[PDB]
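Enquirer: One structure coming up, written as structure tokens, with questions to follow.
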Amino acid sequence: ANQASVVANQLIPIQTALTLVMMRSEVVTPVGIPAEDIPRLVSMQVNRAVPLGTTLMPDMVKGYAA
């Protein structure tokens, strides 16, 4: 597709609150959180560690509902 997802731009430790440096946009398979939502993710905490290059999925972010 042309649908991009949010992909971790650095290792994000468990329980870190997301900042814009941590999130890039990439076309990856499977599809994760839409790249369009990166503004809406700042300050939300991840509930597990996300290695560099991992697609951010809905279940990894605390409080995320879309």
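Chain labels A, B, ... are given in the sequence in which chains occur in the structure tokens; within each chain residues are numbered consecutively from 1, and ligands are likewise numbered from 1 in the order shown.
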Would you kindly return, as a VMD selection string, each protein, DNA or RNA residue with an atom no farther than 9 Å from any atom of segment 26-35 of chain A, considering only C-alpha atoms and excluding same-chain residues fewer than 4 positions away?
Expert: chain A and resid 1 to 7 55 to 58 66
Enquirer: Measuring between only C-alpha atoms, which one of A:20, A:25, A:36, A:41 shows the shortest distance to residue 54 of chain A?
Expert: A:25
Enquirer: Which parts of chain A does DSSP call helix (DSSP H, G or I) when run on the backbone here, written out as a count of residues only?
Expert: 13
Enquirer: Can you list every residue in chain A that DSSP puts in strand (DSSP E), as a PyMOL selection string?
Expert: chain A and resi 5-8+23-26
Enquirer: For the selection you just gave me, I'd like the residues written to a file as an mmCIF file, in the first residue's frame, keeping N, CA and C atoms.
Expert:
```cif
data_model
loop_
_atom_site.group_PDB
_atom_site.id
_atom_site.type_symbol
_atom_site.label_atom_id
_atom_site.label_comp_id
_atom_site.auth_asym_id
_atom_site.auth_seq_id
_atom_site.Cartn_x
_atom_site.Cartn_y
_atom_site.Cartn_z
ATOM 1 N N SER A 5 3.020 3.437 8.607
ATOM 2 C CA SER A 5 2.806 3.261 10.035
ATOM 3 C C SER A 5 3.870 4.006 10.832
ATOM 4 N N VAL A 6 3.611 4.129 12.125
ATOM 5 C CA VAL A 6 4.594 4.649 13.074
ATOM 6 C C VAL A 6 5.586 3.500 13.395
ATOM 7 N N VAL A 7 6.892 3.755 13.238
ATOM 8 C CA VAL A 7 7.991 2.805 13.435
ATOM 9 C C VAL A 7 8.936 3.511 14.421
ATOM 10 N N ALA A 8 9.502 2.795 15.415
ATOM 11 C CA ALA A 8 10.389 3.373 16.426
ATOM 12 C C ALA A 8 11.718 3.725 15.763
ATOM 13 N N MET A 23 9.634 8.680 16.837
ATOM 14 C CA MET A 23 8.674 8.143 15.904
ATOM 15 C C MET A 23 8.929 8.520 14.465
ATOM 16 N N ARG A 24 9.145 7.541 13.594
ATOM 17 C CA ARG A 24 9.244 7.841 12.180
ATOM 18 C C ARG A 24 8.070 7.228 11.446
ATOM 19 N N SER A 25 7.904 7.551 10.190
ATOM 20 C CA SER A 25 6.829 7.062 9.362
ATOM 21 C C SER A 25 7.396 6.159 8.276
ATOM 22 N N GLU A 26 6.886 4.944 8.102
ATOM 23 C CA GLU A 26 7.398 4.040 7.108
ATOM 24 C C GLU A 26 6.325 3.121 6.620
#
```
Enquirer: For residue 21 of chain A, which of A:48, A:9, A:38, A:65 is the closest residue, counting only C-alpha atoms?
Expert: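 Checking each of A:48, A:9, A:38, A:65 against residue 21 of chain A, counting only C-alpha atoms, the winner is A:9.
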